[PDB]
Amino acid sequence: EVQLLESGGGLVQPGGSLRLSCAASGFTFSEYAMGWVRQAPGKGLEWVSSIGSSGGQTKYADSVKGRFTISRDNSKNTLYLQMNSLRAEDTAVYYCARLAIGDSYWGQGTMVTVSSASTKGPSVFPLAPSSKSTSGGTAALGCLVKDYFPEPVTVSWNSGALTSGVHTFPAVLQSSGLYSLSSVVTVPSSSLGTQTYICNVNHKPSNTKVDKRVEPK
Amino acid sequence: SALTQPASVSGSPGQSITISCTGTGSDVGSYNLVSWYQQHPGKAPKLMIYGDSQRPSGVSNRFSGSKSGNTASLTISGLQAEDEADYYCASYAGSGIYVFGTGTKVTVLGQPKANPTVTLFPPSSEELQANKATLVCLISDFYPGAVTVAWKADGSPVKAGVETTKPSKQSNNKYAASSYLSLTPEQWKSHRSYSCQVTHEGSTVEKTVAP
C-alpha cells in the first residue's frame, strides 16, 4: 500500500534553516500532486504548500511565502520542503500528503522545533520497587528521565521485549524550560528475584541512548 | 481565512452530534471539495468524508456529511467513546490552495468514576550521589480528569519544588498525571517521612516514603 516517510525535522535556532524530505512508495509518484501540512503543538492543521505532479504549479500559504520552497524529484520518488529564516511560530509537526480526489494518504510527520534554547540530553535514574519478592502481589518499578529538551523521549523495557504493564507518563514541563518524565512497569513481586528489568531511553534530539538496569533496593 | 468550526462539542453515548464548518463563497461555497478529517492524539489525520458527502472505504456509515450554502456539516450518529477526537474540515480554494477549518474537539461523556492509582518513589541512590533528589508521584486510571496534589514532610506541607502535570487521557481512556518534588539530599535525609496526597472527587489517596 501507499507509504509516505518524512525525515529531516529537528531543533534549530531562530533564523536557521532545515530541509525536510518525504520518501514515497506504493504508487506512481510522478502522477500525483503533493503537499505539506503542518500542526503546531496543541493547535490545528495548517496547509503549507503544494506542488504539481511534474514539479510545476508550486503554491504557498502566505505565512510561508518567500521563505519555504517546495520541490520534488520524481526519479527518486521524493518530495522536499526547504525552510529558511525559521521562527518559533514555525514549530510544528510537518506532514507530507498525497493530493488526490477520493483518498488522502499522510505520513506520520516529522517534528520541527525552532527555539533559542539548546538541546539537553536527559539524565536517567532507576526507580526501585519498594515491594520485595516475598511480599506478594505486584511491584511497580520505573525510570525517571530528568531534564531534557526538546520533546520527545521514548522509553522501552528490556530492549522492547517487555510491553505488558508498561506506562510511560506524559512529561512535565518544568519552570526551568526542561522536561522530565517517568516510565513505570508493574510486574509480579515474585519475579523480582529472577527477572532482569532494563529501561531503554531514547532522546533523538541529543542522540542519547541510555539503558538503565532497575534492581530491588 | 481558516474555515470556522465550533471549538468544542460534547455528546453522550448513542446520541447524534453535528459539527458545522462555515467558509466563504471562494472555498466552501465554491467547491464540493469539503473533506472532514478525524485526528486522535499523536496520530496523523484520517479522512472520514470527502466531496462533502462521500465516505472513503472502511469508514462507518455513522459518519455522514452534508453542505448547504457556505456551511458544511459533519454528523456523527450512534456516538461511541472511540469518536472522542479532534475533527477538521478542509476545502480546496483555487490554484492549488487548501484551507483547513479551525478544528472541533469532540468529547464523549458517560464513562464511570474511576479512583486514581497512586505510586510514589523516593530519590534513587544514583541521584543522591549526584547531589540531587526528586520524589516522583504518579497518578493513573482516574476519571474525571481533575486531581489536586499536596506534599507533606513529617506532616507539614511543602509547596516549594513541586511541579505537577495537567491530567491527560491514557490509551485506556482514563486520565494520568505526575507530580515531582525537588529537594536537596540534606532535606530528604533530614525527615522521617514525605507524603504525596492525591484528592479526587472528595476522596484523598496518599502514599508515603522515607530514607
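Residues numbered from 1 in each chain as written, not as in the entry; some residues may be left out. Chains lettered and ligands numbered in written order. Heavy atoms only, no water. Residues with missing side-chain atoms left out of burial classes, pairs and counts.

Within the PDB entry, the label attached to chain B reads DX-2507 Fab light chain, and the organism entered is Homo sapiens. In the PDB, the structure is listed with the title "Crystal structure of Fab fragment of anti-FcRn antibody DX-2507".

As annotated in the PDB entry, chain A carries the name DX-2507 Fab heavy chain and is attributed to Homo sapiens.

With that out of the way, let us pick up the pairing of strand β17 (residues 194-200) of chain B. All names here are of chain B. Of all seven residues in β17, five are buried; the element is thus mostly enclosed. Taken together, the six bridges between strand β12 (residues 148-153) and β17 define a ladder with antiparallel strand orientation. If you follow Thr-148 over to β17, its bridge partner there is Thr-199. Where β17 and strand β18 (residues 203-209) come together, seven bridges link them in antiparallel fashion. Across the sheet, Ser-195 pairs through a bridge with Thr-208, a residue of β18. Hairpin remark: β17 followed by β18, antiparallel, with two residues in the connecting loop; positive phi at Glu-201, about 50°. (Buried < 20%, exposed > 50% of the residue type's maximum accessible area, 1.4 Å probe, protein only. Helix = DSSP H or I, 4+ residues; strand = E, 2+ residues; numbered from the N terminus. Pairing = 2+ DSSP bridges.)

Residues and elements named next belong to chain B. With antiparallel pairing, four strands are arranged side by side in an open sheet as β13-β12-β17-β18. Each of the sheet's edge strands pairs with one partner strand only, and the pair in question is β13 (156-158) and β18. Strand-to-strand twist in this sheet, taken as the mean axis angle between neighbours without regard to direction, amounts to 30°. In this structure, β12 lies alongside β13, joined through three bridges in antiparallel fashion. Residue pairing in the sheet places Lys-152 in a bridge with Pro-157 of β13. (Axes fitted to C-alpha atoms, helices over the stretch in contact; angles between N-to-C directions.)

Residues and elements named next belong to chain B. Strand order in the open sheet formed by three strands is β2-β6-β5, with antiparallel pairing between adjacent strands. This sheet does not close on itself; its edge strands, each paired only once, are β2 (17-22) and β5 (63-68). Each strand of the sheet is rotated relative to its neighbour by a mean of 20°, with strand direction disregarded. Relative to strand β6 (residues 71-76), β5 is paired through six bridges, and the arrangement is antiparallel. Among the inter-strand pairings, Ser-66 is bridged to a residue of β6, identified as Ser-73.

Every contact between the two is made by 38 residues of chain A and, on the other side, 34 residues of chain B. Elements with a minimum of two residues in the side of chain A that touches chain B: β4 (33-39), β5 (45-51), β9 (92-99), β11 (123-127), β12 (138-148), β15 (172-173) and β16 (179-188) of chain A. Residue contributions to the side of chain A that touches chain B peak at five residues, all from β12 of chain A. Taken together, the residues of the side of chain A that touches chain B break down into 20 nonpolar, 13 polar and five charged. (Contact = heavy atoms within 4.5 Å. Nonpolar A, V, L, I, M, F, W, Y, C, P; charged D, E, K, R; others polar.)

Let's shift gears to unusual backbone geometry. Following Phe-149 of chain A, the chain continues into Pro-150 of chain A via a peptide bond in cis, with omega recorded as -5°. Along the chain, the position of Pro-150 of chain A falls in the loop between β12 and β13 (154-157). Residue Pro-152 of chain A is bonded to the preceding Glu-151 of chain A through a cis peptide linkage, with omega at 5°. The backbone of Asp-52 of chain B shows a phi angle near 70°, a positive value even though the residue is not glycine. Its location among the elements puts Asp-52 of chain B in the loop between β4 (46-49) and β5.

Residue and element names in this part refer to chain A. Core analysis: the largest hydrophobic core is formed by 25 residues, its most contacted members being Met-34, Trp-36, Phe-68, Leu-79, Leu-81, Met-83 and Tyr-94. Of all the secondary structure elements, the ones that give two or more residues to this core are β3 (18-25), β4, β5, β7 (68-73), β8 (78-83), β9 and β10 (110-114). Per-element accounting of this core gives the leading share, four residues, to β3. (Core = buried A, V, L, I, M, F, W, Y, C linked by side-chain atoms within 4.5 Å.)

Turning next to the domain arrangement of chain A. Many authors give the size of an interface as the accessible area that is lost as the parts come together. Residues and elements named next belong to chain A. The domains assigned to chain A are domain 1 (1-116) and domain 2 (117-216). A C-alpha centroid distance of 33 Å is found between domain 1 and domain 2. Taken together, the contacts link four residues of domain 1 with five residues of domain 2. Interface area for domain 1 against domain 2, summed over the two sides, is near 380 Å², with a carbon-plus-sulfur share of 60%. Between domain 1 and domain 2 we count zero salt bridges in total. Taken together, the links from domain 1 to domain 2 amount to one residue pair in polar contact. Of the residues that constitute the side of domain 1 that touches domain 2, the class distribution is one nonpolar, three polar and no charged. (Domains from an automatic or database assignment. Buried area = accessible area lost by both parts, 1.4 Å probe. Salt bridge = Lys/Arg side-chain N within 4 Å of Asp/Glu carboxyl O. Polar contact = N/O pair within 3.5 Å; in protein donor to acceptor, adjacent residues only side chain to side chain.)

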